[PDB]
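Contents: one structure, followed by commentary.
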Amino acid sequence: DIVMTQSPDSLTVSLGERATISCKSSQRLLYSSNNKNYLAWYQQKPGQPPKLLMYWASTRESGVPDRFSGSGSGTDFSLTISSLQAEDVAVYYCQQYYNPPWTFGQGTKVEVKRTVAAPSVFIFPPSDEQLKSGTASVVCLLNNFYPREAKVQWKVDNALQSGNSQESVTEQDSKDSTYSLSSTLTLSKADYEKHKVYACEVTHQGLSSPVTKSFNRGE
Amino acid sequence: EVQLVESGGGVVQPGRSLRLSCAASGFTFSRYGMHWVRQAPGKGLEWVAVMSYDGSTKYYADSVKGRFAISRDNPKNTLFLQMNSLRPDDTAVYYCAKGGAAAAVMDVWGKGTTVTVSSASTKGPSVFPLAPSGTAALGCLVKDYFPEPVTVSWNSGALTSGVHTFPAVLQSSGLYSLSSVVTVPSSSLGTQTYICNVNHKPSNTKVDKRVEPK
Amino acid sequence: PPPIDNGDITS
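Quick mapping for you: the protein sequence lines, in order, are chains A, B and C. Residues -5 to 213 in the numbering used here are what the first sequence lists, from first letter to last. Residues 2 to 215 in the numbering used here are what the second sequence lists, from first letter to last. Residues 387 to 397 in the numbering used here are what the third sequence lists, from first letter to last.
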């Protein structure tokens, strides 16, 4: 079984700069009899299925832009994106097809490095609909910031909440290169009704001091 | 153009079986070898199996050899995967893939079907508004479903710009929750309708919710 | 060892 190893695991590139992804095969992928390397590259943008970019090491698939170049021979291969564009954020996979089992490299994530941007923060109360089931979700949205690192602190009538929230973060946006994050606080219906002021406090590099969005239950 | 649509995913209890299908269109299915490839969530691609054009030749990953059987039906343009003795680590998106003319590569992929092996059964979601009130935000909260995935589109797909749909979070209850939001200018809040279309195919749940200020 | 011939996979 032929082992494919990629390097590095992750690249963070400035717009217009060069990304270089390396792929190393545990077995020579060159066939003496036809002088072709049985190596392919795939691109998988966030939330989408993989697309074939390259085969025979360097032959571009139809529709692949000419900022992508595949090269190498033998055991050592390379995928280069000259002059990276925002669209190109993805995970890239090399793959040998010299022989079964077809095997993939572990994947290399590519992201854009960009200017610092502060999140826009939005707070949502639970709907009246939800309450009828015994529980309440308060949602706090951190929109289009950079870099990825960010802090959400929930407060309920000035009490700092912990252990009762969960967060998730989108993959970097393909046009403005930002991230977004949703945080959900969970409360019993009875608890949500006993308190008034619900607040989402946000810390991030692009803000000089924490931002707090709030609502009073009952509006 | 070439299309591969996978089907048959959902949740299965440990130990049991599941059959996936792949409806191929837009090419002569009879002339091409076809693959199954899978991807655990947040993880890499893993080749599963392949069957040749006329069906006389197969190969399987060691991971699945003897457990899985690839087959195909040429007159009906359909590729199958019969999966047996499933375990939680078989949990993944399963992509159907067409072989290249060309070279033994996968030149076209389906979007995949999501397979989940766990000790929990199908449960449809409830949908709750994330209500608004320069730039305003609204959304829907798609709550307490299993297994993955749900999809959310806005205004039947007409509204894409400024849409963010977040990775589902697994709650302490073992049920998923997913949030989808869109940002629009605040003066546009009552100026047109914003409707989130939610689908949870394992439960046959289909919801259109209009979101509005109070 | 020779690579497998794509012709045995797709015609």
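We put the CB at the ideal spot given by N, CA and C, even for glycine.
Tell me, to the nearest whole angstrom, how far the beta carbon of residue i is from that of residue j; I am working on the premise that it is less than 8 Å.
i: B:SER22; j: B:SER8; result: 5 Å
i: A:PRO113; j: A:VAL132; result: Contact flag wrong, Cβ pair sits at about 17 Å.
i: A:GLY200; j: A:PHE139; result: 6 Å
i: A:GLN0; j: A:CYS17; result: 5 Å
i: B:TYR54; j: B:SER31; result: 6 Å
Here's the rule: buried if 16 or more other CB atoms are within 10 angstroms of the residue's CB, otherwise exposed. What is residue i?
i: B:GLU149; result: buried
i: B:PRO203; result: buried
i: A:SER176; result: buried
i: A:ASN137; result: buried
i: B:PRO15; result: exposed
i: B:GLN4; result: exposed
i: B:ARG39; result: buried
i: B:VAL13; result: buried
i: A:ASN31; result: buried
i: B:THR92; result: buried
i: residue 219 of chain A; result: Residue 219 of chain A is absent from the structure shown; chain A starts at -5 and stops at 213.
i: A:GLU105; result: buried
i: A:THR206; result: exposed
i: B:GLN193; result: exposed
i: B:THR117; result: buried
i: A:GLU123; result: exposed
i: A:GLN89; result: buried
i: B:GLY43; result: exposed
i: A:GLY10; result: exposed
i: residue 214 of chain A; result: Coverage of chain A is limited to positions -5 through 213, which leaves residue 214 of chain A absent and any answer about it impossible.
i: A:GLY57; result: exposed
i: B:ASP108; result: buried
i: A:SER174; result: buried
i: B:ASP63; result: exposed
Under 9 Å Cβ-Cβ, which residues of chain A neighbour residue i?
i: B:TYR96; result: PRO43, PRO44
i: B:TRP48; result: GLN89, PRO94, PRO95, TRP96, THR97, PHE98
If you measure from the beta carbon of residue i to each beta carbon in chain A, is any gap under 7 Å?
i: C:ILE395; result: no
i: B:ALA104; result: yes
i: B:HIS165; result: yes
i: B:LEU142; result: yes
i: B:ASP90; result: no
i: B:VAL170; result: yes
i: B:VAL208; result: no
i: B:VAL182; result: yes
i: B:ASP74; result: no
Which residues of chain C have a Cβ atom closer than 8 Å to the Cβ of residue i, listed in chain order?
i: A:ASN93; result: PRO387, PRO389, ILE390
Looking at chain C, is there any beta carbon in it that lies within less than 7 Å of the beta carbon of residue i?
i: B:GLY111; result: no
i: B:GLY10; result: no
Can you confirm whether residue i, when its beta carbon is compared against all beta carbons of chain B, has any partner nearer than 7 Å?
i: A:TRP35; result: no
i: A:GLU105; result: no
i: A:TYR173; result: no
i: A:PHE116; result: yes
i: A:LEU179; result: no
i: A:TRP96; result: yes
i: A:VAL133; result: yes
i: A:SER208; result: no
i: A:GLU123; result: yes
i: A:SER176; result: yes
i: A:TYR49; result: yes
i: A:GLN160; result: yes
i: A:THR164; result: yes
Kindly list, in the order they appear in chain A, the residues whose Cβ is closer than 7 Å to that of residue i.
i: B:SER189; result: Correct list: empty, because the minimum Cβ distance to chain A is about 15 Å.
i: B:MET107; result: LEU46
Residues of chain B with a CB under 7 Å from the CB of residue i: which are they?
i: A:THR(-1); result: The premise fails here: A:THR(-1) is roughly 12 Å from chain B at the closest Cβ pair, so nothing lies under 7 Å.
i: A:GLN100; result: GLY45
Going along chain C, which residues have a C-beta under 9 Å from residue i?
i: B:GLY100; result: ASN392, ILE395, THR396
i: A:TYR25; result: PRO388, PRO389
Given that residue i touches chain C, what residues does it touch there, using C-beta distances under 7 Å?
i: A:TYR32; result: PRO389
Which chain B residues sit within Cβ distance under 9 Å of residue i?
i: A:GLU81; result: Ordered by position in chain B, no residue passes the 9 Å Cβ test against A:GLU81, which lies about 15 Å from the chain.
Using a Cβ-Cβ distance cut-off of 7 Å, determine whether residue i contacts chain F.
i: B:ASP145; result: In summary, chain F is missing from the structure at hand, where the protein chains are A, B and C.
Inset, instruction - Please name the residues in the segment 25 to 45 of chain B whose beta-carbon is closer than 8 Å to at least one beta-carbon of chain C, in chain order. - result: Contact annotation: in the segment 25 to 45 of chain B, residues whose CB is within less than 8 Å of a CB in chain C are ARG32, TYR33, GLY34.
Legend entry - Residues from the segment 51 to 65 of chain B in contact with chain C, defined by Cβ distance under 7 Å: If the cut-off is 7 Å between Cβ atoms, the segment 51 to 65 of chain B has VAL51, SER53, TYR54, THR58 near chain C.
Legend entry - Residues from the segment 110 to 137 of chain B in contact with chain A, defined by Cβ distance under 7 Å: Under the 7 Å Cβ criterion, the segment 110 to 137 of chain B contributes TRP110, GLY111, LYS112, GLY113, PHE129, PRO130, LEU131, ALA132, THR136.
Legend entry - Residues of the segment 131 to 156 of chain A whose Cβ lies closer than 7 Å to any Cβ of chain B, in chain order: Near chain B, meaning a CB-to-CB distance below 7 Å, the residues of the segment 131 to 156 of chain A are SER131, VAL133, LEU135, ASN137.
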